[PDB]
2 protein chains.
Amino acid sequence: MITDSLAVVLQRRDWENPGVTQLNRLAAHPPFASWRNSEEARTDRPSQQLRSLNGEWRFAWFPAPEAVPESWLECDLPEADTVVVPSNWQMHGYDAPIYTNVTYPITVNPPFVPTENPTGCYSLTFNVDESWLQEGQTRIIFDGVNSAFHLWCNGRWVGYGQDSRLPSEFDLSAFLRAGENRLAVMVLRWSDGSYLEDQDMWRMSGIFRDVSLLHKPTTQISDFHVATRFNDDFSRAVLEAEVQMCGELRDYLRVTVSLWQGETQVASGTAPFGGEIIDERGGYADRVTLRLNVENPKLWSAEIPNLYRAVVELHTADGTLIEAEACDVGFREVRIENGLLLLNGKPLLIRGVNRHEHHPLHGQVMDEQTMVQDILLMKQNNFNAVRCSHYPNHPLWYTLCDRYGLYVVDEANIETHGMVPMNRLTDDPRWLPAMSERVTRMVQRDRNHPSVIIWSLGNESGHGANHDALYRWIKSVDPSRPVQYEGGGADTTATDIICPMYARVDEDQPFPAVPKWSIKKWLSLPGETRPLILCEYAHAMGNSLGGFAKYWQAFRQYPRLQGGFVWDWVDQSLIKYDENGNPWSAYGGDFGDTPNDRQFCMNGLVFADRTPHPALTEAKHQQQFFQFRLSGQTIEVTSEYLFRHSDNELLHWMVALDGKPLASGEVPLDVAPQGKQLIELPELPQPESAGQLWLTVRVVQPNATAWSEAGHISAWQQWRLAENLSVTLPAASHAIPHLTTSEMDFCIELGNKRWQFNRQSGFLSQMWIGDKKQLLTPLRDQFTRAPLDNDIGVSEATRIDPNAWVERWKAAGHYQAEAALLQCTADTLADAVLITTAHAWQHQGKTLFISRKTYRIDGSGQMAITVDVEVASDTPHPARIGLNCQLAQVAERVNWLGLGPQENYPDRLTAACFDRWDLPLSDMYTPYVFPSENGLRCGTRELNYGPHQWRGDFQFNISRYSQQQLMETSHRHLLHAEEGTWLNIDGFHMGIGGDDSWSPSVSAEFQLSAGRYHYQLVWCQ
Amino acid sequence: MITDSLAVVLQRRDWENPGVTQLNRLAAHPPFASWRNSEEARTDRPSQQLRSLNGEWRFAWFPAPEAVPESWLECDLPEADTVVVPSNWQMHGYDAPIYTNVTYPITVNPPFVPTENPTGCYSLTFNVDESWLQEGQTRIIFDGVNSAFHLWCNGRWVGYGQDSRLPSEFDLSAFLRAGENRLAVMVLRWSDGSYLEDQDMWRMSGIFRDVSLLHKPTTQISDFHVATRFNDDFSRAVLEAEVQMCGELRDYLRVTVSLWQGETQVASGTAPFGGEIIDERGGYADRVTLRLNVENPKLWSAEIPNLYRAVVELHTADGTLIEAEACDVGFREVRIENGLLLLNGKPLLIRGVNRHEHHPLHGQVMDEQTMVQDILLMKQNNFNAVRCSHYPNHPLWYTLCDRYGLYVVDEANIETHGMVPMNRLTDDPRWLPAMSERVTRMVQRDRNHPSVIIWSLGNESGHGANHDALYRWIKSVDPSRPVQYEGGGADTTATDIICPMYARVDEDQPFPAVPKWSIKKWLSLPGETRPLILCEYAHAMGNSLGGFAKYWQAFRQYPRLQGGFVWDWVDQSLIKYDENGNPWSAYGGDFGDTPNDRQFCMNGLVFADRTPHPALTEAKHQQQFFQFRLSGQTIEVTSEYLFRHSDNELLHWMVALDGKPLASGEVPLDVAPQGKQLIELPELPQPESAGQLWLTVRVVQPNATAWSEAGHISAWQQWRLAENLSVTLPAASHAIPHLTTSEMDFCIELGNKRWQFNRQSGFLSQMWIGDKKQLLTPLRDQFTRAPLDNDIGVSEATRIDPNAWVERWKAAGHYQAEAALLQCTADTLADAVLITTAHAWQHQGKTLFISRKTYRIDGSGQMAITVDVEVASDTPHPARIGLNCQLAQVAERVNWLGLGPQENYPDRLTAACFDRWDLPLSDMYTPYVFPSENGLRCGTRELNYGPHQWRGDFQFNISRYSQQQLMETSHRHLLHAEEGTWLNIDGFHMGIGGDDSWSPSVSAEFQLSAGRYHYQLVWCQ
Ligand SMILES: [Mg+2]
Ligand SMILES: [Mg+2]
Ligand code: NA
Ligand code: NA
Ligand code: NA
Ligand code: NA
């Protein structure tokens, strides 16, 4: 037929028209399986009426839709390959994925898209049983197609669809034939729907979610809604189920809804069709509402995800079953009352994270195994909520969240971040239909899931009248869930919750017309009463999450600060192979994509392979459900659970003196929700030996759960007990170090040890143990670090951001400053040799820093170093103040007394505990995909590496990579281990920040602004 | 091109798809003229850039779209006729118009329409000047096409459109050629848009509004909005004008907005493009907002429609004009505060009427002359508001309302009355795009008109979530106007005003789920605070508007009862010609249309030719802006104007004794808005003669206005002054009437007069003056009337409504009751002859009525009749209790002392005044298109017709048509004058009702429920 040809179908250019978002697409609805057996529906066994078309398909790539030959509609192309479906065709190397943050990947000219529009032609040959075509309705379901597509069946045009993130269904009953059938799908990379899909993520395309065939009878269940109502104390519930049908109504038709708790039927109801009168013309003859009473229902929550099974039966009066549908039911009430978000009558505290659907190998194709891995990792790290940023997810995600227990914010697939202004489309009534489809079809698909507690209207689209209209539509159709939206300043008329992104705890950010007030100040603005839940905060880009504890202190102090969603869960890195088949993680620009936003795609708490970043432990500690207070010998344990008793918790305490255990014990936890338990410790040891006594408590779950193993640690806390200062005089050795003075250097010898101080540079240049040199590079002051992602921000060589810390440091000359020797003197004491040095670091005639040191080598072989540094008040505050050297030794393990075991920084050390830690050298380096300063351990009093030992009170990192190499290397796989080991010992280190990664975010109390600094070290063997 | 062919264009069947409401249609906007001269824009002179295509077109009718030959796209069909455009093709006899009230004219199966879909093919050959195609944009504008259409230009497909009531615009720049061009428009009668167009009106089709070409420059004004803000006392105003452009932005571009009051420029402003920052991405570079201060602005209102002229200039910095646009500006503020609708700080009282766009000859094609005639008639009858029921009107209507002064409710073209339930579509998200287009494009077109004070979401579509969404969209885009909607019970979340239809003053109507509470009770329902303005009330079907005074008493007593809109203005009758070219008014079913709703299309206050019905005077009197109170000799005049002083009003008073004037005078009116004026009358005459003194006042406008002639009467009132009862004995004549008794009759003779009473029937059978018989039918009791439309309701022979008054009367046998003579006796008195009669009216053995009479013929020739009637308490209350006869006389004039001059009934007589009235016999018959009881005059003490005179206290009507003929005749043109004159003299008459015309609406105080009745008459010559 001419009308089925490509020349006719493509002529209207439906993908450059916001007025046409679909053609011949069926209505949205909750998940259906069309069970013909009620027991199978109840037990959720696979349905023979639902058939997966996933598997091997034929695929051909074209640069534009006009390049597809007409013969593709009739037979498979000879050049076509065989590919796995679902998939993204960028993951098969057909064209490159594009990573851009805010700028659209195409020329901004709505609704038009470039003529060179990459086109993917999918096709499948499949058989259909004759029973399916004898009677009933056969539909095909595309769970997701990016970004738009035309559909042919046996050469006849079927329909068109947009909104890559929601299912598209088409009736194939009039197109299918008995035996062999062929499906032809033409997928377009760009469409007018792409203007509503400007999320900060990789831009891919293809049939990236499941494809299936569903067979329904002619008389069928077409929609069903489940609602729960409760009394004041939640002891009585009414389960209201509205069922809708299509087909011929007959007086013998009946609907039965039965509720099951496991194997036991709790409630049931049967009724003929015909609803109550609603207006002058009557009621719905094709609908019925059944109300089931449930006594003492088991309530659903993230703490205890109690679920019931509701089965909806369509049957005749005699008793023969026509069709069955089922869904999991969670009894829970969500509402905002007096400014607080309540779940089952109790105020929530959202321990949330944003999660994109990302896999380093399969792109944006999701699988049950990855979903379960993510959910278990989140729950094991004290997360209780997830934001579907920024689109409806794969349908199995909501089922798994129902089952395991996580609150879900379901978000419409609308983001127009790149528009200027941001609301240019969302304030235009001509785009209201397209926006409305994306909201309404999501609600229609997901409104039955108990895990979904909040709807979101999208992300970063400004504030337009369409937002207000769709907010009100949701409030009318589903009053059971609050609606939130951040655009337009996060407190507009289109949101029930103040939901800002990256608003800071105490600091105001008064931007024009969309200020980000401090969250504490925001609550008290005149006339403001809503709760505040950050939809994004604590931007976890690289070495980040500095200041997380401040957020959680505020969340616990202020009732209307009910938490937030960290940005974000997993790095969006992709895997590439070099010349040796070795994989390496890639970010923006690594696929030839341009313009790109480089490493801003990696903001996760876990790597793309789901291994954790160090910041995850900080998040876990701050988000823990047990809070602790110490008063003398008693421990006060406060529970932050709202519904469950501590029936799987054992408290273990340990007392150690500078790392060596002295006493320990175990006490079972029995604390009610939001209750307290006082734990009286026995008479703790009081050693007369010098050192600090430390008490450490940890909560252990003795029994495995659905989401954790036996012995899982869920919370911990540490305190300092009594301290005994050391007043013992050092052992007076009889040997005296010998000083030899040449015009080049001072040489100090004691036994087999030797120290050399270069007199022209003023630094310790070499150290000998026997005849073995210990240093590859002299011991020198260091004031800089390889810049973090938070240090760099949005700055780059093309667009310099002068406010970024790295740019201020570079302009001030911190990285190029040259040390000028001021003095270097050697003196012999009664029992030691004293070296005094002074240096000035200068850049273009300006003295940035002055370092004055004293080296005291005594008869015991120990070298005591005192450092006093002055920092010019008008230079930017330095990243660190310390020493560094390249040791010749390469040892296998690192042992230290201090905060650990994981890397920690001054504004990100609350999760770390003081103890004796011993790790392999490799664990002392954090392999961030974008290399930077990493692996620091703070609060360290002793460090052991090979024969060397350093003592004092310092921060350190130790690795095979110099700060220079880390700074100059753009990818972690390009790093090479240098000879020996680089040691950085810092008296002082600046915070890492992380409130956001595009502006300075290190709070004042963690900047090195004091002007004068002092620290001491003891180096011995 | 194959893609331009009918076979390809019609294949997608865009008219059976709610997802496609247009293709390639330009954005909506306020009216544009693209003036290239600012003085021409200011003076509103015709623009050479706007060209009307109205005139002679070629037209061909087809039964279905598939019947149109392909050659129509290239050349005009040989069989095509030449027709005038705009027009409705049913008005040219191509197919029949259909009148149905609620039932859809097609099978209800959305979105599908019948295959036999009448199709009208329009075409026009026109020239285009080469200057228009050298540069700029040329667009075609279809102001209205019913109901959907495809457009071709020079054989190339252009686009598609729906929503018959709003303009559709298409860019023809790439399709036009120099010289001869051809336009081809295929209009379809039915589409999926028809499901949203179920208004109670004739169903027509075609290009029924103007068609024009507009030429714009490439850089152009694309939209402009005008908003007025005020201080607390309205003495300072800020005129805010937002201007939007399309085309290439250049730094030299400027926009100037100037405000003019007649010939004087009041304010001006100039600015380059670029708006303020609105969100993170910036502001609109293609928009500018200019704020002009106006001191002491002249405010707009229906009382004083002060208007300014705003001119919007697009020009370069040097000063050359690119384009100009203009609109009339009315400074006024509309808001609801504390439950009251306020205009310029004062609470409105809406004297409204619903108005369809209807013409008896041109169907639904409107013209300026008819619009002006309607506006003048409305204002002359004390109306101040109009509801555009139920769709956006022709654009000139809003301009005329701005100019003359009338508040306007602008209503979206959405009515789904026939759906079951009524919200089946409006609660479906799949119809949200189609509904949103109809709301948003109306707002975009009309938001600048000062006369529009309220938006309406449509009519009778139930209540669905789409209503709430669109309500909120309007509230977001245009906060300056309240939003109202009646569906779903008239007090839903989608309306700012309680706006019920046909809610009664005191009586509750508690329907399930959508009750119509009495309006007084509705205001005080727990938690209700909004104002109440009936969107429809006082259904004026035929002889109706009984009980109107009750509504207006309530409106004046209750502050939150702020009026309503009468249903409706003009009868929707159409003109047909019989076998002699004589026109006659036709209603539903007269065109072969079936099923139809007969005479329910005629509900107007005026006939289709705009001649008034009698009820219009009642409305005018009740709605008058001056209220009166009498206390002794002083008249208290209260002004109901809110803004204007009574600077064009003179009060005339007159005192009459039983119709003859005794004193009169004139007093100028000087009363402030909402003020009072006491008028002291001189020492009024005190005649000793018998009779009732009546005081009549009338307010006269000495000076002509824009809407009225000099001497126009705007208000009036009457009171009874002192009465002197007659105690004079009658003149004792010496002649004695002579009684002759035969077995057939009693014969009374006095001089040349003779009376005959038939002794077998018991009635006066004949009367002689000389040798001339005076009666054609005997004088007999009458208890029935030819049923009114309010008596009939929805009852018909196929579907009997047992509750209707006519059905109750028929079932009780009132129309078939047979009089049985009980007694008939003649006695001779000292100076008179006495006749005593008694009758019983029985039906199937039940005595319905008993009448006992006394006839006393004295020596003066007068016949005194006393009547005493008993009505069975269990029979339905009769329509009247009186006498009737057929006089042989046909006299030219009727003279009576009583209420007049126009027809009046017991519940519709407040406008009538007691006086001596003299009219031709023809004026005593009201020619309702559907014949019924008509022409009654109440409160009559004397009636003169030919030689006869009747005296007493009675109601009467007199005409050439019997009640039987009126009852049995369905159209007024089928009535024939009977021989002689039919007289109905009633002691008592039932009210006519009219709160609605589909249920009994006559209030209890106007039903004849007393059980016993007495009245007396004196018949003399
Ligand atoms: Mg489109
Ligand atoms: Mg359509
Ligand atoms: Na809180
Ligand atoms: Na990012
Ligand atoms: Na009132
Ligand atoms: Na009607």
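Residues numbered from 1 in each chain as written, not as in the entry; some residues may be left out. Chains lettered and ligands numbered in written order. Part of a larger assembly, values for the part shown. Heavy atoms only, no water.

A word on the coordination of the sodium ion (ligand 4)
Residue and element names in this part refer to chain A.
Then, in step 1: Summarising the metal site, the sodium ion (ligand 4) is bound by the protein donors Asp-200 (OD), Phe-600 (O) and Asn-603 (OD1), whose distances to it range over 2.4 to 2.5 Å.
Then, in step 2: Spacing between the donor residues of the sodium ion (ligand 4) along their common chain follows D-x399-F-x2-N. With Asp-200 in the loop between β12 (179–188) and β13 (201–203) and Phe-600 in the loop between β34 (583–586) and α10 (615–622), this pair connects stretches of sequence that are 400 residues apart. Both residues of the pair, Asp-200 and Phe-600, count as buried. (Donors = N, O, S within 2.8 Å, 3.2 Å for Na, K, Ca; no water. Helix = DSSP H or I, 4+ residues; strand = E, 2+ residues; numbered from the N terminus. Buried < 20%, exposed > 50% of the residue type's maximum accessible area, 1.4 Å probe, protein only.)

A few points about the coordination of the sodium ion (ligand 6)
In a perfect tetrahedron of four donors around a metal, the angles come out at 109.5 degrees. In a perfect octahedron of six, they are 90 or 180 degrees.
Residue and element names in this part refer to chain B.
Then, in step 1: The coordination sphere of the sodium ion (ligand 6), as far as protein atoms go, consists of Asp-200 (OD), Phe-600 (O) and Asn-603 (OD1), spread over 2.4 to 2.5 Å.
Then, in step 2: In primary-sequence terms, the residues that donate to the sodium ion (ligand 6) follow D-x399-F-x2-N. The same class applies to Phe-600 as to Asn-603, namely buried.

Brief notes about the relation of the copies chain B and chain A
Then, in step 1: If you rotate chain B by 180° and push it 0.0 Å along the axis, it lands on chain A with an RMSD of 0.0 Å. Each copy turns onto its partner about a two-fold axis. (Least-squares fit on C-alpha atoms.)

Considerations on the environment of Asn-984 of chain A
Residues and elements named next belong to chain A.
Then, in step 1: In this structure, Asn-984 sits in strand β57 (residues 981–989).
Then, in step 2: Assessed through its relative accessible area of 3%, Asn-984 is described here as buried.
Then, in step 3: Contact partners of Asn-984, with chain neighbours within four places excluded, come to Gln-782, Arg-880, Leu-883, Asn-884, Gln-955, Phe-956, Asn-957 and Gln-963.
Then, in step 4: A polar side-chain atom of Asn-984 sits 3.1 Å from a polar atom in the side chain of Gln-782. (Contact = heavy atoms within 4.5 Å. Polar contact = N/O pair within 3.5 Å; in protein donor to acceptor, adjacent residues only side chain to side chain.)

Thoughts on the sheet that holds strand β7 (residues 137–142) of chain B
Residue and element names in this part refer to chain B.
Then, in step 1: On the basis of which strands lie adjacent, the open sheet formed by 4 strands has the order β2-β15-β7-β11 and antiparallel pairing. Every other strand in the sheet has two partners, leaving β2 (50–52) and β11 (168–171) as the edge strands with one partner each. Averaged over all neighbouring strand pairs, the angle between strand axes comes to 20°, with direction disregarded.
Then, in step 2: As paired strands, β7 and β11 are joined by 4 bridges and run antiparallel to one another. Residue pairing in the sheet places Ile-141 in a bridge with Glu-169 of β11. (Pairing = 2+ DSSP bridges. Axes fitted to C-alpha atoms, helices over the stretch in contact; angles between N-to-C directions.)

Here we look at the pairing of strand β31 (residues 532–537) of chain A
Residue and element names in this part refer to chain A.
Then, in step 1: Counting buried residues in β31 gives 6 out of 6 residues, a clear majority hidden from the surface.
Then, in step 2: Bridge count for β31 against strand β32 (residues 561–566) is 3 bridges, and the pairing is parallel. Note on β32: the bridge partner recorded for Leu-534 is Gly-564.
Then, in step 3: In the classification by handedness, the crossover that spans β31, the intervening helix α9 (residues 548–557) and the parallel β32 is right-handed. (Right-handed = clockwise from strand over helix to strand, strands pointing away.)

Notes on the UniProt feature "binding site: Na(+)" in chain A
All names here are of chain A.
Then, in step 1: Annotation from UniProt places "binding site: Na(+)" at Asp-200, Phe-600 and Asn-603. A stretch of 404 residues holds the annotated residues, and the largest C-alpha distance among them is 10.9 Å, short enough that they meet in one place.
Then, in step 2: When neighbours within four sequence positions are excluded, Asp-200 is seen to be in contact with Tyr-99, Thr-100, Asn-101, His-356, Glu-415, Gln-572 and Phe-600.
Then, in step 3: One polar contact links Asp-200 to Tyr-99, side chain to side chain, over a distance of 2.7 Å.
Then, in step 4: Relative accessible area serves as the criterion here: at 7%, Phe-600 is assigned to the buried category.
Then, in step 5: Excluding residues that lie within four positions of it along the chain, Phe-600 makes contacts with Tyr-99, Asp-200, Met-541, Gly-793, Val-794 and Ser-997. (UniProt positions renumbered as here; feature names shortened; annotations may be inferred.)

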